[PDB]
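In the structure tokens that follow, a single protein chain appears in two forms: structure 1, then structure 2.
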Structure 1
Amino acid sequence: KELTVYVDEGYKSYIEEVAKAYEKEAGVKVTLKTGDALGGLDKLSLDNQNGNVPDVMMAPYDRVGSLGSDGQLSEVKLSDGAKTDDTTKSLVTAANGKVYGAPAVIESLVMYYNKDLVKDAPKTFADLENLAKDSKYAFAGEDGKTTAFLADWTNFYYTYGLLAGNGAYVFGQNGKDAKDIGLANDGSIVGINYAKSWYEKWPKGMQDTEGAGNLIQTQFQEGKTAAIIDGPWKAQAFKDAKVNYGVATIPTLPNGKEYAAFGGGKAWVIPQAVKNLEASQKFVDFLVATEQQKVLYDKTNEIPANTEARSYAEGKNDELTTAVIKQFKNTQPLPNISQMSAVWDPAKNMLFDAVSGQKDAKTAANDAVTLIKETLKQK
């Protein structure tokens, strides 16, 4: 009779609509519950053991695999109507490896460019190098620096595409072998050096131990940079700032490989102590079925995982949507094993160390690897 859905406030308009259709197609009552998504998944470790859990909720793909493995979520049956491809199925399959969610949304980093500064989206990294050549991008305050292209490359999430595109990887077996860490392989090193090559030509504020993003955002808004790398979550900010931006796929690396960013996004998930696993599964099936997924984009702009609704989304001829769609084809999974937490800090520091001149590219890398190695085993 009743199904409770715990979502972020941003889904109120989405759930209320989807609920009325479901309630009038099957005979079950959908009651929404506003909250905080990530916080809700935290308090789920100590909620299954009492059953005071909602029937359906939402979770990012990395949290699907962690919570999954740590027995916090019921398994999910993937239906034909969910239209999951190998890569989205992959995204909801934990290490062991059963499925623990139905893919709802996908995301990836994109390139934003200023149309008042360039006629076309830079297609390659060379193209971006040539724009740093042009004097009209020189940074006032020091020399010889540009703002022609800025990326938050002290951020591992931002910088990962650059490294992996050159041949790096966090864990082996597409993020499963914790004994096989590739953040210090030859590709990882040239990638790091490549970032370094930029930072030598960038305003020293880019090396800020915290808010590099703000500077990058400022520069794009005031119209001082031609292209940046950032997520879809920045779009509004640029809209507000009345910037004439366009959105394309991240330019391809000088080695000719695509910018291998982390494949982001969210899944519909079922707590393990739900009152009726079948009832939940049915509603989750209804949630990933082409129409609801189509409606999800309509009401939130979030790019659908269901491939059918994804093409629908593509068909909207919107630059951000399409770029996210196209860039995702080339993304790599954020490893969902619990050992990912041992990476964030050593890998963040690897970046700062190398770009700030504290360490050469080989040293920072190695140091981070053997430090991730150590936080593992002390598991």
Structure 2
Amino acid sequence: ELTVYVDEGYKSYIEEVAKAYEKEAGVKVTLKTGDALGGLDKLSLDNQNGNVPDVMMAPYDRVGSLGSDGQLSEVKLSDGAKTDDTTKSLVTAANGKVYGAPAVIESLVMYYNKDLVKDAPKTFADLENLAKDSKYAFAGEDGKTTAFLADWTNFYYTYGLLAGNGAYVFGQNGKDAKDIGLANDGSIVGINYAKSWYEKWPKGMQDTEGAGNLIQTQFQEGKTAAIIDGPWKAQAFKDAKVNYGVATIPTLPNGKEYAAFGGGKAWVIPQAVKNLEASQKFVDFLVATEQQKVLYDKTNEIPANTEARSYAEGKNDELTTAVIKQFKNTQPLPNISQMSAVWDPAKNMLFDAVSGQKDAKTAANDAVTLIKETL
């Protein structure tokens, strides 16, 4: 009498937690598996028919947009959830009602192959030097490298590059939707720097679709020293038996930190659930210290619950350490409605600039005009 919709990578986790929740309270938790973002895309239509899962996971930006749009029930933050000021703020929409319980904090980090390299690269000049070295030449197209790869046409990925250089999405720390900073001078240096890398990379890095699969394949097959990716990738890398280390993203050519979004995920409850109390109850259990520790144990993702998070910090694995440092150098993932209009124009900006189809400034100005349109 309760259904949880999650990504495959959480199946084992939810199976175990369900088994315990059934023992503690008297509720049967059945799981439905599928694309997380895709489940949220259809939420509005599922709310129309009543056929919604009882609990699902959302990135914080989507907690804000889906919440602001009426698609989500309000969520209560129990004492057991062990939230802090920053995780509370990440699940509070502009209105500002609470539409999720914090489950994960995350930042992009640098994964590197310990079989290929002795130490973590520290600067972007280090990554550029690996580009020079010849075991990383790409077959069939030269002179291209796979020494360092990042999915820099995904705005979530590139953002930190632009922001480290002075770019911003919205003014007043992601709140002022009228002041867009994606076409400032710093943003343009970020974009131009991105371009220089695309000019050293396989043309497939510019593919309209699966650059993500190319990156993953190259790294797992021992062809790339370093990539930038999220903690969610860890389960897969362990499966691929990759001998990976994790470090903070190397400092930029300007010496500044790669200022990735300070993001993560919450447990959310669709607006159309039969029984909100029952859903809140399982959510309280999921964010309770024990289940949050088990989340770290099963996925290596960093718990939002501050007690469970200290546990992960104590475990002191390279990934947790890097996520924690990196999170100090982030600005929070914006959760105002208007963020939802940013991702697509920004992605097109990046494709157009790095391919040289538009110059960087023009691509940015065009992206900003289109974002301005949508809000």
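By rigid core we mean the largest C-alpha set that fits within 1.5 Å across both forms. Numbers given to residues start at 1 and step along the sequence of structure 1.
- Rigid-part membership between structure 1 and structure 2 differs between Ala138 and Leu73 [C-alpha given to the better-fitting superposition].
- Relative to the larger rigid part, the smaller one has turned by 27° between structure 1 and structure 2, according to C-alpha superposition.
- Lined up on the core, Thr290 has its CA atom moved by 7.2 Å between structure 1 and structure 2.
- The two forms line up on their rigid core, and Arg310 then has its Cα shifted by 3.8 Å between structure 1 and structure 2.
- Superposed on the rigid core, the forms differ at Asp240: its CA is offset by 1.1 Å between structure 1 and structure 2.
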